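See below for the structure under consideration.
Protein chains: 4
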Amino acid sequence: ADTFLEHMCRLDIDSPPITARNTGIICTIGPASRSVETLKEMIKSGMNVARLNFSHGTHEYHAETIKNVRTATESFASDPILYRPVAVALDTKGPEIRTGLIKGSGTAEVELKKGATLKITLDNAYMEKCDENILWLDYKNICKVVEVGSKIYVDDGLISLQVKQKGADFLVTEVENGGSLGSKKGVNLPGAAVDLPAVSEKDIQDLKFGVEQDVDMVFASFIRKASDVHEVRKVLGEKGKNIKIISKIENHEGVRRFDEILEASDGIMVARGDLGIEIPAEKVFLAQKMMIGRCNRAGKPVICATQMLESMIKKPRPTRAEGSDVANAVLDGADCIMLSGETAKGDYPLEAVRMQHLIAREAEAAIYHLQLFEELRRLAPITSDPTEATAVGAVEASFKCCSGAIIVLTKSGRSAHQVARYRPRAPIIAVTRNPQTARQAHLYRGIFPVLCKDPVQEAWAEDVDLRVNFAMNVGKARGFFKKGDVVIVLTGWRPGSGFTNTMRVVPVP
Amino acid sequence: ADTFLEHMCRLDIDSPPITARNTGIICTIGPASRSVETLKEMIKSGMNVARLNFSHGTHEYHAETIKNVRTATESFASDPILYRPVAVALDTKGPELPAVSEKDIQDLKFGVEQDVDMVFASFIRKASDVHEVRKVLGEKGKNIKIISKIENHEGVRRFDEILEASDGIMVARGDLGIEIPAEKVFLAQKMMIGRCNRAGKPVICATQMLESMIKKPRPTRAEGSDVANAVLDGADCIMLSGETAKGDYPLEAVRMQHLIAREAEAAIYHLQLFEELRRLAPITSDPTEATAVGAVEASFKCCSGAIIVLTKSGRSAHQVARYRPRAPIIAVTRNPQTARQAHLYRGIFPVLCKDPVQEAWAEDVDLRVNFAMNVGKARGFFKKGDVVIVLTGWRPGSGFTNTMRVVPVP
Amino acid sequence: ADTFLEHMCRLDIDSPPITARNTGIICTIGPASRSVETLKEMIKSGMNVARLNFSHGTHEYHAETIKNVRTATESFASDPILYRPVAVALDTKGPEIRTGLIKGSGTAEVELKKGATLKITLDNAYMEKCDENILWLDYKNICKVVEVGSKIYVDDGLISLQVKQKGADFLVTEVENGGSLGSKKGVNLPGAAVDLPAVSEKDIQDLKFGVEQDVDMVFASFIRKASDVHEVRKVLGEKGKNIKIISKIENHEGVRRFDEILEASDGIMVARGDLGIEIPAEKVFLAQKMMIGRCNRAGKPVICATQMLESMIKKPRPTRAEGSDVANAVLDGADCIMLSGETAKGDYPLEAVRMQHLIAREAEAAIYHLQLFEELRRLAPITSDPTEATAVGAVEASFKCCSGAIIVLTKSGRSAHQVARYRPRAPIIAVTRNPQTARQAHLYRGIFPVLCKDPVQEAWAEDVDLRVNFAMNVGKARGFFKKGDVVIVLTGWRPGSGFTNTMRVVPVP
Amino acid sequence: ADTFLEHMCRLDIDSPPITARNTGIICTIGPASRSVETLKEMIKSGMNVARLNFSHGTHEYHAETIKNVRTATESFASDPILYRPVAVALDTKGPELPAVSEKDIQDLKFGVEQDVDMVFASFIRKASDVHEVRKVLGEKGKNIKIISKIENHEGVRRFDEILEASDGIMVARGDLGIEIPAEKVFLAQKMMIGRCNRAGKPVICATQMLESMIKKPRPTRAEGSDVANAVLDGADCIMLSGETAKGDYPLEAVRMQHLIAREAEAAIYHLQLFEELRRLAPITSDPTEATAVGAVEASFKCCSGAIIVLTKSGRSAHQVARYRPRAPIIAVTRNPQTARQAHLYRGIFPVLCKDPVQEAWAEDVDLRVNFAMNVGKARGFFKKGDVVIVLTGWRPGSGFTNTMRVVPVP
Ligand SMILES: N[C@@H](Cc1c[nH]c2ccccc12)C(=O)O
Ligand SMILES: N[C@@H](Cc1c[nH]c2ccccc12)C(=O)O
Ligand SMILES: N[C@@H](Cc1c[nH]c2ccccc12)C(=O)O
Ligand SMILES: N[C@@H](Cc1c[nH]c2ccccc12)C(=O)O
Ligand SMILES: [K+]
Ligand SMILES: [K+]
Ligand SMILES: [K+]
Ligand SMILES: [K+]
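As structure tokens, this is what we get:
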């Protein structure tokens, strides 16, 4: 395919999906995916990062989830060629409006009827007496920020309401969109100024527990401005300074102030459904393409979250439209896809992981790599910093000497990230001794991390050759290349080296 | 935007949708959209082609629907600068087997009788299926366009023969979604749209566009993305089904489909589409193709506001559209069927010249060009002092549209 | 040849010069080429412009030369398909330092001996008494501009001298380079500021005679600055306002101030030998490539003059090095080559014209056209002037629909020149009714002018079709194309049209 | 200069010749240039290779010439930063018939005995002529480079086989000028130089360069143009004959040949030479070629002051030069024959490391790199804070030069 149009006209749907998957998979662990035996099966089927939603459960609960994730992860360590690192991600509650419990016995489900009437109250007598008439919620200051004629959304926006009359505690609304109101659901107020903090007293505890439990990354919720990110940084502090902060863009202020949030964060998560409420639905696809685009250019990773395969909560296979939606998010240029209820609580957590792999595998057929790189090279600011210079040449060479891989010997990952910024077709095999580095690597597109566990041989160049040989074995075993192919190898020069400034064209023996 | 990535990083969601819409809109007429007053409002809000689903209703029923469509369409004819052609499309029942059922043979003959512009032929499996539809339409309906619908696996596998036999293609995503693995349909769509762009035949995306607007006044986030990605994939038209046929908000469905298709043009990166299509084009020295290329080429350089094509059958205007200019292609035609059929192509804006013919050839030409100049000015496409490209024949009755002319807007 | 290097590696010296010649030939008429029968044979063999050197001869003499040129030219008019226009060029004397006559009877030749002594004097007693001791010359102010240790050159620089002592009239010099000093020869003063005017009392007469005789172009000598060109323009004045001024660059000031001279002139002539004296020899080749380059970009024509085939004054065939020198001047991007003594006075004027055609024919094999055009298009300032827009598209189309020609219907030539600026491979057939336009066309590279003599039909489009058909006949007859080929045709739209804004792809009937 | 035409329109003749000379200079030693004191002055002024014409003189005569060349050459060795290698070239009599006359067999064996770097083999007609010269030089002189001289028509016709058999080519313009039509020789020259650039073997231009300097201290305008166009054509070295061998101004001939070749580099447009040579290169994934490409590619981007190649045989430094970087190629070698032979290639600046080997491989490497850094700084090629590219092997005894390293100048 010398042209993008010819790359589309070749697309044969009957020939098998030969290209391997190249984007991270993030699964939300919960009730249906929390056992060691399941986690094992999800790790095999492609889970790369375990997401823990601290909107629910106690610290005790999550500690066990984390312990199970690692138990399952390390079950495969007895073969260091096929062992895959799995990361752990702490996802903050944030500023969150939630409803109360549904009243009485039986099913926790009231049918909110289209056009009907609904009183929103702050009277804690109704705290667990939610029904068709009255609805409690936890935002105490709600009557000050919200006005007459304002929209209110409930349960990832399934239900919508319009404020008809205000009060001290009561707010009288008319139910515009119907649905089944469940217990304790999430409540958005588009174009309200929610006076809640960036880091609640709870979030401060949850983040300290994150540091304690040695998490790899924080998914910081309802990020509105740069100073919100810096408050998350401070709480993680000195001890958790190498934990990656992914800011979640969930509202309008988020999108408007995006550039400052990106420059302050380690990466970005685009919550499409939350935006879909706070912004006009017809415009979210541009928001997604803009944010993913800017992140590709800045070389920070970006995740697509919400509304991926939600039909697999109840079904063993997704819809046509969900498959298209996910795939276009991969082509847009996302680094990872994130499953939520699909894996957390759904009836088919294992099949959700396998389809997310299937879809992300197919999308790579549609990706036209040479354009992504040439554009990213031309927009790159012309530094003669040796590492960036070498990363470019490595990718450039990866297309020419038809390369099967780019092998990066990297301690912190930084070098492997600088190569990935430029979007090579070839897999980037990041060889690291630091296991956190190996775990964090999954956030980047096309990095395949491996963990070298033999400790260091005195002779520098031998240590290097041993690690390269490890990556050669892994690659051969993964099908990435076979004897007679050629790979690129980035290293330092000498053992104290500041730069990864050494490019080396190596035939696979 | 010198790069495609920089074209995405510029995308400001707060600034209004300044670029005008460039892809056809096809609406399915039925119970909720069948009155003249509604049709009127849908035509204003952007309907370009009326689709009649002959899976349901009697011939008598549809005859009235068609008559209402035309009544509404012609309400605007009293201003020939702002009059917009509206097309009629007959959509077969199909096998539910042979390619043309005893019913379909009747329905197609009724199509010819009613002077439809295009047939959406269902469950097209192979090339010989298309040719059977052609034969039934026969001599009298020989200028009716056949859009083959790809609805099953055999359809996708044998696509190249179906495309080479058809006037255009419709990709029914939901039908494929059943017959094919769900995870693969998006590739099918990108392949089929791709091949059609290259062959220069039009392609339509149908089913599962804004189906939530059957009951709701606004679509979902995911529907909006789905439609928009179909436009970027490179579709020429989008087709609404239940949204407009029977739903509670037929008029708002048309307006959103316009809104979405308007926003998608911001995301389109035009210079790449053209340069790729030029490089893949087989080096003919057929004068019309040679001129169509140069016209598009010039449309980028002399920052052109339009390409005006004087075309009787449309063929010339289609050859320009194959090459995907950013500029609007104003197809000026005296044939009203040509003006109606034009909507199938992306970025063709057809206009209908009703002034009769002046004896002096070059005067007739200048009068038509001046008509397009007026329409363009009035539509905001360009203003005085801009430059447009003008394709014409050379001499009367000419076989080629082989005359390119760089004209300042007066 | 997709690359320029592959265009060189293809160059087969055994296969004949298949490509037709595409650059103008200018011959200097004089003693050996002044008869009608010779001029006839030179016109057949390829002369396109007759050059008359007004450094010598009276007005009466030249009037006859001009009359002979036209007699010979029009001999071929009895077939308007094969008739070729021939232009006439008046070449000014300029500010000129010259020596006196050699003393006495007999041989007009004194042997200036290497290292010897030579007095330069202004005493008109010695005006026709030049010898080994004393040498008269015509520059009265020579003692003011020249200093002790200064170089002085004589007779196209064959002889060189160094100033040892100054005086009022006398200047005592030491003869550095030897040779045979003849009568009245040319005397350069490198890095002197020669205080002479731009248009001498003589040049004013010669230019008025030019207008009188209906010349097509003036080759203005010793052009130093823009204001010198404008003085030549004023003298030619209203009546001779369509006579083209070619400025000759002959000295250092010329090269330094080139951009203003080019912007003021209709075209440029690069006198390599004259520069070779005023400038360091090793730098002239860069000057030539710069000046030719700038002229190609400005779209004004440029001529290479002096030191082409000078060995053919005495010999029937040139040297290897002369052939290379000429050919590289064509590849540099010159529009015309100019022969001097070779044709003016030499023993083989006819063979000099035929070799100059042979060489210029071979050079077109080495020319790589697609690069010239693509570069010239990218550097062209993005006007939306309809004529430039159409000229570009015409050339663009000339490569694609493998075109045999670009036919331009042009009254003044301007349209045909705008096409030629962009360097198509295809011949540009300029069809004009103005015979001066047809003559002046030869200054441009790749314009093949033809003169339509059928008078005008009232119907515009018929007139147009008749002219197009004339060019079709000429092209067929010249071998440029045959039936079934495709050509491009530029015209106006309507008879009052300002622009040549109509491009038309026409199969050859 | 983004375009070649803009590279010509910039050419300022008043600003000094800032770019350094980049093509080898070969001088013919003889009566007027045979003394140690002269040779010294020619080496300073830029002689890179001494040519000995075995058409005349006895073996005894030449032995002394060679001994004088080396005496003069090594006078500068007392500063290994500024020491420049000088090569010796044996130029056969040839047939004046078989390819190797009984004389030539003796002269070539004497060449091997005297440790010459290259043979200029005369009147080469076909490939089998080259192989006979190879056999005579044999095992002991197997690393002596054979430059075939093209002097006649058979030579030009059969050129491709001669090039594929030879180490390099010499184009004798005057000899061709007799055997071929004068008007065609310039094409022959451009063809042969072109093919040699593409094959990556070196090519020399000989005869009719500055012949007027036999008697005069300065050349003609036309000689200067002739030489300069030979450099732009793409020659690697220029060769002076009588100018330096017997003429009255041998030293000034060398200085002008430097002056001209210095000016020609202003006119050279490098980015085109490289991109063309890369696109025509057969896409091997042999690690050395892969790295040579990337090195040149990087040399334009990280605006590099040099490409430093640690090379034992030169082969690596030659593979970089094939691709025509603007940057100087500093070939660092311990083999003095390698350093001498390097001058045949365009843009290689060889240096001779005389410090012996440190046991630690990477230290040895760093010491050589540091030597080239010192040389470059001292030659003005770059200063502290610039960035250079460094090619090396990976372990000791490595077969590939497969290690590219972007290094700031300390
Ligand atoms: N980062 C993920 C996905 C991935 C990137 N590149 C790959 C190459 C092969 C397989 C998977 C991948 C992983 O390591 O699994
Ligand atoms: N064919 C459609 C869409 C379209 C094409 N080109 C356009 C230019 C402007 C506006 C709309 C269009 C129409 O005429 O409406
Ligand atoms: N104008 C010149 C040179 C020329 C340009 N294009 C040509 C094509 C053919 C012959 C000559 C030419 C001539 O007529 O002689
Ligand atoms: N090879 C020659 C010419 C040369 C190539 N690159 C150079 C850089 C600088 C000076 C000279 C050169 C030398 O070393 O002298
Ligand atoms: K959360
Ligand atoms: K149907
Ligand atoms: K003169
Ligand atoms: K010899």
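Protein chains in written order, with UniProt numbering: chain F, 23 to 531; chain C, 23 to 118, 218 to 531; chain U, 23 to 531; chain L, 23 to 118, 218 to 531. The beta carbon of each residue, even a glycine, is placed where N, CA and C say it ideally should be.
Query, Result
"Neighbouring residues, chain C, relative to F/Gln-329 (Cβ below 8 Å)", "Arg-342 and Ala-343"
"Contact under 8 Å by Cβ, U/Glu-133 with U/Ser-205", "no"
"C-alpha distance - F/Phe-244 paired with F/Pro-302, whole-angstrom precision", "18 Å"
"Opening and closing residue of the beta strand (DSSP E) in which F/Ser-67 lies", "It is not in any beta strand (DSSP E) - F/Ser-67 instead sits in the alpha helix (DSSP H) that spans 58-67."
"CB contact check: U/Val-233 to chain C, cutoff 8 Å", "no"
"U/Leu-361 and U/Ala-385 closer than 8 Å at C-beta", "no"
"Sub-8 Å separation of C/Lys-270 and C/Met-291 beta-carbons", "yes"
"L/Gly-295: contacting residues in chain U (beta-carbon distance under 7 Å)", "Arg-342"
"Inside the stretch 197-231 of chain U only - alpha helix (DSSP H) runs reaching at least 4 residues", "none"
"Backbone CA spacing between F/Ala-452 and F/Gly-52 [nearest angstrom]", "30 Å"
"Interface flag, L/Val-417 vs chain F, CB-CB below 8 Å", "no"
"Range of the contiguous beta strand (DSSP E) that encloses L/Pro-471", "469-473"
"Secondary structure of F/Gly-137, DSSP reduced to three states", "coil"
"Below-8 Å beta-carbon distance, U/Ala-411 vs any chain C residue", "yes"
"Those residues, in chain order, that have a beta-carbon closer than 7 Å to some heavy atom of ligand 7", "U/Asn-75, U/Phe-76, U/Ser-77, U/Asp-113, U/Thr-114, U/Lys-115, U/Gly-116 and U/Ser-243"
"Three-way DSSP call (helix, strand, coil) for C/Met-291 in this model", "strand"
"As assigned by DSSP and simplified to three states, the class of C/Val-414", "helix"
"Beta-carbon proximity check, C/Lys-475 vs C/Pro-117, cutoff 8 Å", "no"
"Whole-angstrom C-beta distance between C/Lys-433 and C/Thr-454, which should lie under 8 Å", "6 Å"
"Beta-carbon proximity of L/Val-508 to L/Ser-406, cut-off 8 Å", "no"
"Distance cut-off 7 Å: C/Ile-469 Cβ against heavy atoms of ligand 2", "yes"
"Contacts that U/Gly-506 makes with chain L (C-beta to C-beta distance below 7 Å)", "Chain L residues near U/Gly-506: none, gap ~32 Å exceeds 7 Å."
"heavy atom of ligand 3 below 7 Å from U/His-464 C-beta", "yes"
"Chain-ordered chain L contacts of F/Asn-523 [CB-CB under 8 Å]", "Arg-526, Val-527 and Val-528"
"Residue from C/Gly-501, C/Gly-468, C/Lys-263 and C/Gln-462 with nearest C-alpha to C/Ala-72", "C/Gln-462"
"Residues of its chain near L/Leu-398, where Cβ-Cβ distance is below 8 Å and the 5 sequence neighbours each way are ignored", "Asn-318, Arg-319, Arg-443, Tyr-444 and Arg-445"
"Contact check, F/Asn-523 vs F/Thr-409, beta carbons under 8 Å", "yes"
"Sequence ranges, alpha helix (DSSP H) only - wholly within the stretch 113-177 of chain U, length at least 4", "164-167"
"Contacts of C/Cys-474 in chain U (Cβ-Cβ under 7 Å)", "Correct list: empty, because the minimum Cβ distance to chain U is about 19 Å."
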